[PDB]
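Asks:
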């Protein structure tokens, strides 16, 4: 699915 | 205990900008992507974009690129939606919503703000005119008479309508407002009552329009023919 | 933009009924699909994600199926709190899009409207406009035809309707139809009539008045 990068 | 709290209602002219805020409580703000979704009155759901609150990376839906901007301030756990060059087609309720974000991908929108109403119009603030919808003997239906008030030509939403200072609630229907072609709103509030007591009962419609600081009490009474 | 087509768009059902709603995607979206419930004045609430995983806090009477393009949501036994609008949503590419919604409303026995007509007030006429209000009170089902006739001429384009949400107590609707005329046009004619067609009426009901009487 679409993603918007890591968040830790 | 996960809650998103949004800023209050906004009313703007075409060409102006609006900045809506959304503050996260009860979870780590930077741990989940945050969406913005709007809904025009009576319509479906439209996705505007999303933001990574940790990094600030965004993807804005193509139809809003260069016009809608998502930012955040981690110090106050707050995301912002700036909608610029507004037109009346931007009128609607704007929501922020957290994604579950498992695996750093979109999964589903599990916490939603309460919504922020945005009205865009060339109209200016104006209080309503309140006209009686008077009961008549010729309009008797069984043992029932209908009466009401027409609350016409106001801007923006909302108005509140009560009857007899809140003492009359049974049989009341206050209709959803309609936007007239003039750009001003109008609604009616009606009540069904016994025809037998129209000669003695009192009916006052109490209309409050806070944006114009107008308050109106209108007497509604049967029409008498000479 | 991927199109999500929901069917049916409107459904009437009773408490205890099983309800099945379909969502068809215009391209494959694997299981990258979620379902939501929305009630009037509220934000949507997540029911299902990964196409068939049930969100925590959602009753087990909700379930869903599908992988690829054809998805279904089922409520096995509708409860009073389940009458609402339901939406599907994909997240396989940008923009994310939602289906058009399926509104599930409660079935009840047919109830004919009570019809009332209100001429414009003398106060409003002094202002230069005339609003004529026709009220249809406490009816079911929602479908109703309201026609304005002015000296026997059918009107078009000069009226607006507003409908209440289905009543929580008696499951009925009420509706206002407002004919708005300039004072000049109002004074051109004599007989003003609102004609109502509805399943609960053996024939259309007309309420009317004569201007100036």
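Protein chains in written order, with PDB author numbering: chain A, 512 to 519; chain H, 1 to 52, 52A, 53 to 82, 82A to 82C, 83 to 100, 100A to 100E, 101 to 217; chain L, 1 to 213. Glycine included, every Cβ here is placed at the ideal spot set by N, Cα and C.
Checking the sheet assignment: what are the DSSP bridge partners for residue 95 (chain H)?
Replies: Residue 95 (chain H) is bridged to H:100E.
Asks: Counting only beta-carbon atoms, is residue 76 (chain H) nearer than 8 Å to chain A?
Replies: Judged by the 8 Å Cβ criterion, residue 76 (chain H) is not in contact with chain A.
Asks: Chain A beta carbons: is any one of them nearer than 8 Å to that of residue 50 (chain H)?
Replies: Yes, its Cβ sits closer than 8 Å to a Cβ of chain A.
Asks: If distances are taken between C-alpha atoms only, which option among H:54, H:153, H:47 and H:62 comes closest to residue 31 (chain H)?
Replies: Minimum Cα distance to residue 31 (chain H) is reached at H:54.
Asks: Find the residues of chain L that neighbour residue 103 (chain H), judging by a C-beta separation of less than 9 Å, and give them in chain order.
Replies: Under the 9 Å cutoff, chain L gives 42, 43, 44, 45 and 46.
Asks: What did DSSP end up calling residue 83 (chain L) once you bin it into helix, strand or coil?
Replies: Here residue 83 (chain L) sits in coil by DSSP.
Asks: Which ranges does the beta strand (DSSP E) cover as unbroken runs of at least 3 residues, wholly within the stretch 47-132 of chain L, from first to last along the chain?
Replies: Here the runs fully enclosed are 62-65, 70-75, 85-90, 102-106 and 114-118.
Asks: Among H:29, H:143, H:27 and H:81, which residue has its Cα nearest to the Cα of residue 125 (chain L)?
Replies: Checked all of H:29, H:143, H:27 and H:81; the closest Cα to residue 125 (chain L) is H:143.
Asks: Helix, strand or coil: how does DSSP classify residue 123 (chain H) here?
Replies: In the structure shown, residue 123 (chain H) sits in a strand (DSSP, three-state: E or B).
Asks: Buried or exposed for residue 88 (chain L), going by 16 or more other Cβ atoms inside 10 Å?
Replies: Burial call: buried.
Asks: If we ignore side chains and look at the alpha-carbon of each, how far apart do residue 155 (chain L) and residue 130 (chain L) end up?
Replies: The straight-line gap from Cα to Cα measures roughly 15 Å.
Asks: Verify whether the separation of the beta carbon atoms of residue 513 (chain A) and residue 94 (chain L) is less than 8 Å.
Replies: Closer than 8 Å, so yes.
Asks: Can you find at least 3 beta carbon pairs, one from the stretch 112-124 of chain H and one from the stretch 15-30 of chain H, that sit closer than 8 Å?
Replies: No, because fewer than three Cβ pairs between the stretch 112-124 of chain H and the stretch 15-30 of chain H fall closer than 8 Å, the two stretches do not touch.
Asks: Considering Cα atoms alone, identify which of L:18, L:135 and L:74 is closest to residue 35 (chain L).
Replies: Minimum Cα distance to residue 35 (chain L) is reached at L:74.
Asks: So within the stretch 140-216 of chain H, which uninterrupted alpha helix (DSSP H) runs reach at least 4 residues, ignoring any that extend past its ends?
Replies: Runs found: none.
Asks: In this structure, how does DSSP classify residue 61 (chain H) when only helix, strand and coil are distinguished?
Replies: It is helical.
Asks: Does the Cβ-Cβ distance between residue 5 (chain L) and residue 24 (chain L) come in under 8 Å?
Replies: Yes.
Asks: With a threshold of 8 Å between beta-carbons, can residue 210 (chain L) be considered close to chain H, or not?
Replies: False, the Cβ-Cβ gap to chain H never drops below 8 Å.
Asks: On the DSSP bridge list, what partners appear for residue 10 (chain L)?
Replies: In the DSSP output, where bridge partners are listed per residue, residue 10 (chain L) has L:103.
Asks: Is residue 203 (chain L) close to the ligand NAP? I mean its beta-carbon at under 7 Å from any heavy atom of the ligand.
Replies: Looking at this structure, you won't find the ligand NAP or any other ligand, since it has none at all.
Asks: Buried or exposed, going by whether 16 or more other CB atoms sit within 10 Å of the CB of residue 160 (chain H)?
Replies: It counts as exposed.
Asks: Specify whether the stretch 2-15 of chain H and the stretch 60-69 of chain H touch according to this definition: at least 3 beta carbon pairs, one from each stretch, less than 8 Å apart.
Replies: They do not touch, by the three-pair rule.
Asks: Which residues of chain L have a Cβ atom closer than 7 Å to the Cβ of residue 200 (chain H), listed in chain order?
Replies: Those within 7 Å of residue 200 (chain H) in chain L number zero; the least Cβ separation is about 17 Å.
Asks: Hey, quick one: how far does the beta strand (DSSP E) through residue 19 (chain H) stretch, first residue to last?
Replies: Start and end: 18-25.
Asks: Please list the partners that residue 98 (chain L) has in chain H, where partner means a Cβ-to-Cβ separation under 9 Å.
Replies: By Cβ distance, chain H contributes 37, 44, 45, 46 and 47.
Asks: Are the CB atoms of residue 95 (chain H) and residue 35 (chain H) within a distance shorter than 8 Å?
Replies: In this structure, residue 95 (chain H) lies closer than 8 Å to residue 35 (chain H) by Cβ.
Asks: Sort H:195, H:105 and H:79 by Cα distance to residue 39 (chain H) and report the nearest one.
Replies: It is H:105.
Asks: Below 8 Å between beta carbons: does that hold for residue 29 (chain L) and residue 47 (chain L)?
Replies: No, they are not a contact pair.
Asks: For the stretch 146-164 of chain H, which residues have a CB atom closer than 8 Å to at least one CB atom of chain L, in sequence order?
Replies: So the list reads 164, given in the order they occur along the chain.
Asks: Given residue 206 (chain L), which residues of its chain have a CB within under 6 Å of its CB, disregarding the five upstream and five downstream residues?
Replies: So the qualifying residues of the chain are 193 and 195.
Asks: Check whether the stretch 132-142 of chain H touches the stretch 68-87 of chain L, counting contact only when three or more Cβ pairs, one atom from each stretch, lie closer than 8 Å.
Replies: No, because fewer than three Cβ pairs between the stretch 132-142 of chain H and the stretch 68-87 of chain L fall closer than 8 Å, the two stretches do not touch.
Asks: Return the bridge partner residues of residue 38 (chain H) from the DSSP annotation.
Replies: DSSP lists H:46 and H:90 as partners of residue 38 (chain H).
Asks: Give me the Cα-Cα distance between residue 146 (chain L) and residue 160 (chain L), rounded to the nearest whole angstrom.
Replies: The alpha-carbon atoms of residue 146 (chain L) and residue 160 (chain L) are separated by roughly 10 Å.
Asks: Show which residues of chain L have a CB atom less than 9 Å away from the CB atom of residue 513 (chain A).
Replies: Residues of chain L passing the Cβ test: 32, 91, 92, 93, 94 and 96.
Asks: In chain order, what residues of the same chain have a beta carbon less than 7 Å from the beta carbon of residue 70 (chain L), not counting five sequence neighbours either side?
Replies: 24.
Asks: Could you tell me the distance, in whole angstroms, from the CA atom of residue 123 (chain L) to the CA atom of residue 132 (chain H)?
Replies: Using only the alpha carbons, I get a separation of about 26 Å.
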